[PDB]
Amino acid sequence: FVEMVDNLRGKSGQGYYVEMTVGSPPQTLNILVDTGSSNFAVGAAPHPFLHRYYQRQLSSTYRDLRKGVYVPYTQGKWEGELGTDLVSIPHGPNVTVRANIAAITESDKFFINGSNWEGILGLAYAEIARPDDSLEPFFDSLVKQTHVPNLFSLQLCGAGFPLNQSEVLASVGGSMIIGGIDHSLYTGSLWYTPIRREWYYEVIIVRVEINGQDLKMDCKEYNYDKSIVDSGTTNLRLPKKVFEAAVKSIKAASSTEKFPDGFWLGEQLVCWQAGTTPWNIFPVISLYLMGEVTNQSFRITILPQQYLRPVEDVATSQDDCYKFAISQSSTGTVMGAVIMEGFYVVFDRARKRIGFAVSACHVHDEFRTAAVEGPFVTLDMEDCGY
Ligand SMILES: CCCO[C@H]1CN[C@@H]([C@@H](O)[C@H](Cc2cc(F)cc(F)c2)NC(=O)[C@H](CCc2ccccc2)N2CC[C@@](CC(C)C)(NC(C)=O)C2=O)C1
């Protein structure tokens, strides 16, 4: 899928987006790739943060559905008017699809300054779509109206250093492969975990390790409420009971240096002199995931290079600065973009599973690497879900 490769741009903190066209004649828009929602929505009115928007009155194929729509995210909400129109992906499958578009009229803390995207593509399932599950999500529409296979795969590729808008516009941010798996985007083997339920992309975490050390909690706590694979979230988000045990474990391993409480709350950056980031004092994190085979599991391992998110310095100096990108959740585990940055991720909707392999694009050093390994005959499993 050579024509599909390098079709993404962006970064964890501002989001990863793809180019799409909407309307007739085609209107070009950058669209945030969000596997943690199911609405396809674009800015349709002027906004300070938007350099362009969808103009329905200029599209001959636009269809007004005479329905309002409201989507509340965990942080952020927009309001809009439902319609349909022809939709294309210039660096995707060679197809045109008629899709539901929410034309965005009111916005609160949804759009992001400098992000360079004007809409959001909800890749999840109908069950969590607004107004209700009767509104067909884009991917469902695409698969029904075309011969594209019922799968997509994501390579989110973080720089390991801060990128300015000039660089984020010029840089390749990754690949979204629609309908296939591209072998050039990963090393090693793909391991599959089942989709528990087709609403969010929901998974089960069986075990959690920090530098090989079991956090030793009942497996249900790891999936308290739910656990999801979500490109529309920056951080690894952990249920409070898990989060607190993890931060204590990470703090204990990284003890040789001391960090402000606000770093651990994800709010303050820490800087080191250029090139001296002490990655070695920070632990790797392993998430064990339910296998397809009964009583089998595998693990995904990420480095501090995934969970310390590069940020530009307060005075923009030569220092290498980062934010701690693991945070508290009251709505379950969100395996966000910083974890996704470690792996090539296959959303195999047809076979109801999510695949993981080590990203050919992942940031590492000469001493440690991201890993996808198995199998482990861990016991319990089976009531790990909520
Ligand atoms: C079906 C609806 C329910 O789905 C829920 C499960 N899936 C979630 C996503 O669909 C949603 C998409 C989305 C993307 C976007 F750019 C703007 C949006 F408003 C929504 N993301 C989120 O809501 C979290 C909230 C985190 C949070 C949690 C708690 C407190 C503050 C922030 N956000 C938003 C900003 C972002 C996004 C990044 C792309 C720039 N970055 C950072 C640094 O916070 C991130 O992580 C929602």
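Just the heavy atoms: all of them, side chains too, but no hydrogens, waters or symmetry mates, feed the values below. By convention here, the first residue in the shown sequence is residue 1. When a ligand or atom number is given, it counts from 1 through the structure's own listing order.
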Next item on the list: Name the closest protein heavy atom to atom 19 (F) of ligand 1, giving the residue it belongs to and the distance to 0.1 Å.
Entry: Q75 O, 2.9 Å

Margin query: If you take the centroid of each ring, where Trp contributes its six-membered ring, are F40 and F138 closer together than 6.0 Å?
Written below: yes

Notebook entry, point to check: What protein heavy atom is closest to atom 17 (C) of ligand 1, reported as residue, atom name and distance in Å?
Noted result: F110 O, 3.4 Å

Next item on the list: Using the rule that two of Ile, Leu, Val, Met, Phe, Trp, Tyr join whenever any of their side-chain heavy atoms come within less than 4.5 Å, decide whether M217 and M335 are in one cluster.
Entry: yes

Note to self: Is the distance between the ring centroids of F110 and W117 under 6.0 Å?
What the structure shows: yes

Check: For ligand 1, which atoms sit closer than 4.0 Å to a heavy atom of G13?
Finding: 40 (C)

Notebook entry, point to check: Closest non-hydrogen protein atom to atom 28 (C) of ligand 1, residue and atom name please, with distance?
Noted result: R237 NH2, 3.4 Å

Notebook entry, point to check: Out of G36, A325, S37, whose heavy atom sits nearest atom 4 (O) of ligand 1?
Noted result: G36

Next item on the list: Please could you name the atoms of ligand 1 that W117 approaches to less than 4.0 Å, counting only its heavy atoms?
Entry: 16 (F)

Notebook entry, point to check: Taking only residues two or more places apart in sequence, or in another chain, which ones meet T301 in a side-chain contact (heavy atoms from CB on, under 4.5 Å)?
Noted result: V284, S286, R299, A371

Item checked: CG on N100 to CG on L135, rounded to 0.5 Å -> 4.0 Å

Notebook entry, point to check: Where on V334 is there a heavy atom closer than 4.0 Å to ligand 1, on the side chain, on the backbone, on both, or on neither?
Noted result: neither

Notebook entry, point to check: What is the nearest protein non-hydrogen atom to atom 3 (C) of ligand 1, stated with its residue, atom name and distance?
Noted result: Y200 OH, 3.3 Å

Margin query: Any non-hydrogen side-chain atom of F347 less than 4.5 Å from a side-chain atom of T35?
Written below: yes

Checklist line | atom 15 (C) of ligand 1 [closest protein heavy-atom partner, distance rounded to 0.1 Å] | finding: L32 CD2, 4.0 Å

Check: Would you call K67 and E81 a salt bridge, using N to O less than 4.0 angstrom?
Finding: no

Check: Is the closest basic N to carboxylate O distance between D108 and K77 below 4.0 Å?
Finding: no

Note to self: Per the ring-ring contact (aromatic ring centres under 6.0 Å, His included) rule, what does the pair list look like for residues 153-193, sequence neighbours excluded?
What the structure shows: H183-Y186, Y186-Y344, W191-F298

Next item on the list: Determine whether any heavy atom of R130 lies closer than 4.0 Å to an atom of ligand 1.
Entry: no

Checklist line | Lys/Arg-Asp/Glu bridge criterion (N-O < 4.0 Å) met for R349, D140 | finding: yes

Note to self: Counting the benzene-type ring for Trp, do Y201 and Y125 have ring centres under 6.0 Å apart?
What the structure shows: yes

Next item on the list: Go through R207 and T378 one step at a time and tell me if the side-chain hydrogen bond (donor to acceptor under 3.5 Å, both in side chains) criterion holds.
Entry: CA-CA 9 Å; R207 177 186 175 86; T378 61; over 6 Å; no

Item checked: Salt bridge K144-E136, side-chain N to carboxylate O under 4.0 Å -> no

Item checked: Per-residue contact class, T331 against ligand 1 - non-hydrogen pairs under 4.0 Å -> neither

Item checked: Candidate with minimal heavy-atom separation from atom 37 (C) of ligand 1, of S327, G232, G15 -> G232

Notebook entry, point to check: N/O to N/O below 3.5 Å, does that happen between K77 and ligand 1?
Noted result: no

Note to self: At less than 4.0 angstrom from any non-hydrogen atom of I112, what atoms of ligand 1 do you find?
What the structure shows: 16 (F), 40 (C)

Margin query: Using a 4.0 Å heavy-atom cut-off, which part of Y201 comes near ligand 1: side chain, backbone, both, or neither?
Written below: neither

Note to self: Regarding atom 43 (C) of ligand 1: of the candidates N235, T35, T234, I120, which has the closest heavy atom?
What the structure shows: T234

Notebook entry, point to check: Any protein heavy atom sitting closer than 4.0 Å to atom 39 (C) of ligand 1?
Noted result: yes

Checklist line | From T74, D34, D230, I128 - option closest to atom 23 (O) of ligand 1 by heavy atom | finding: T74

Note to self: Show me which atoms of ligand 1 lie under 4.0 Å from any heavy atom of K109.
What the structure shows: 19 (F)

Margin query: As an exercise, identify every atom of ligand 1 less than 4.0 angstrom from a heavy atom of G76.
Written below: 19 (F)

Check: Under 4.0 Å from ligand 1, counting heavy atoms only, is it the side chain of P72, its backbone, both or neither?
Finding: backbone

Notebook entry, point to check: When you look for heavy atoms under 4.0 Å from ligand 1, do you find them on the side chain of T233, its backbone, both, or neither?
Noted result: both

Margin query: Under 4.0 Å, heavy-atom basis, I'd like to know which part of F111 is in contact with ligand 1: side chain, backbone, both or neither.
Written below: neither

Next item on the list: Test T331 against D225 for side-chain hydrogen bond (donor to acceptor under 3.5 Å, both in side chains), laying out the working first.
Entry: CA-CA 6 Å; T331 73; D225 187 46; 4.7 Å; no

